[PDB]
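One chain follows as structure tokens, the form deposited in one PDB entry.
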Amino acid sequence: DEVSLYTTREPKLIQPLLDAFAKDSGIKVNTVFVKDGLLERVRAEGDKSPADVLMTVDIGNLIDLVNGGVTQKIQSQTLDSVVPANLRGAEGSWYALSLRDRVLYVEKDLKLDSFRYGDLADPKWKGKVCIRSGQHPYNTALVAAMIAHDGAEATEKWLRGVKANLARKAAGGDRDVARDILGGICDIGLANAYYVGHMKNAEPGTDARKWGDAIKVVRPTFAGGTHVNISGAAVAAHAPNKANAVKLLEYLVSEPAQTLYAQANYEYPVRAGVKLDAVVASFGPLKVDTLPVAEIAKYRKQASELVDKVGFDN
């Protein structure tokens, strides 16, 4: 009695919760870590692939699995009643498991209590904004959502305004935004909330905690909700243990599993009423963009092309 989880997530983030599932259910969980090329591996393994559940990060990566024919549709009242409609595919094709909101890091004492994404292009922020490469998936997803909401013309004008406002070249990573706010290079920047979970939970006497202490989170909205990307999962097209695969996926959205799952990378659980990490809770109420996240995949290439058009990374 077994189930195979193919995951692009390091099993370290999920081993305790998988062990609980196995203990309680009696179903052996086989964890297969696939660092990259998940689609390609499952395709190559063909009709007899051992894969039961496919787990990955980024809505585009998840939709690529579905469009690549390596998933199957499932019916589950458990999953559909837990996962909001905008965060799951039609007829059980894929499901979000956690939310990765892209927020504004803000110098801790700056007078700024709210923000719209569009505000980042205000001329007053010139020389005051940090951001990583505009071509990084975290950013192209946000740009894709902006096209969906506001159109290509408005999105291009935002990109040009933000580029004009950068304090340094769009490069590095998300936590570099916090470093550079601490360093007085910029006052605000776009980066993922979960990194602030990591930094603020780091122990005093680390550089991570020094960066965390330097900043606060303000969650911008579109107007209006905050942009989220996701981690998520789907049942594999040829799952040899389909009943167990559905059991595992249903378990992954249960309250106990969600509590552990989100805490692991300081992400936000998909299931309502799940206890948050204390740092994450301190960010205040989250309003999730009502946009179907599948729209992010729809507009991704257009978004990437706009980023290139404006020479965002120059």
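Just so we're on the same page, rigid core means the largest C-alpha set that superposes within 1.5 Å between forms. Residue numbers run from 1 along the displayed sequence.
A second form of this protein, the form deposited in another entry, is not displayed here; the remarks below concern that form.
- For residue 294, the Cα coordinates differ by under 2 angstroms between the shown form and the other one after the core has been superposed.
- Shown in the overlay between the shown form and the other one, fitted on the rigid core, is a CA shift at residue 71 of 2 Å or greater.
- Core-superposed comparison between the shown form and the other one: the CA of residue 306 stays below a 2 Å shift.
- Relative to this form, the distance between the C-alpha atoms of residue 149 and residue 81 is increased by at least 3 angstroms in the other form.
- One change in the other form concerns residue 149 and residue 84, whose Cα atoms lie at least 3 Å farther apart than in this form.
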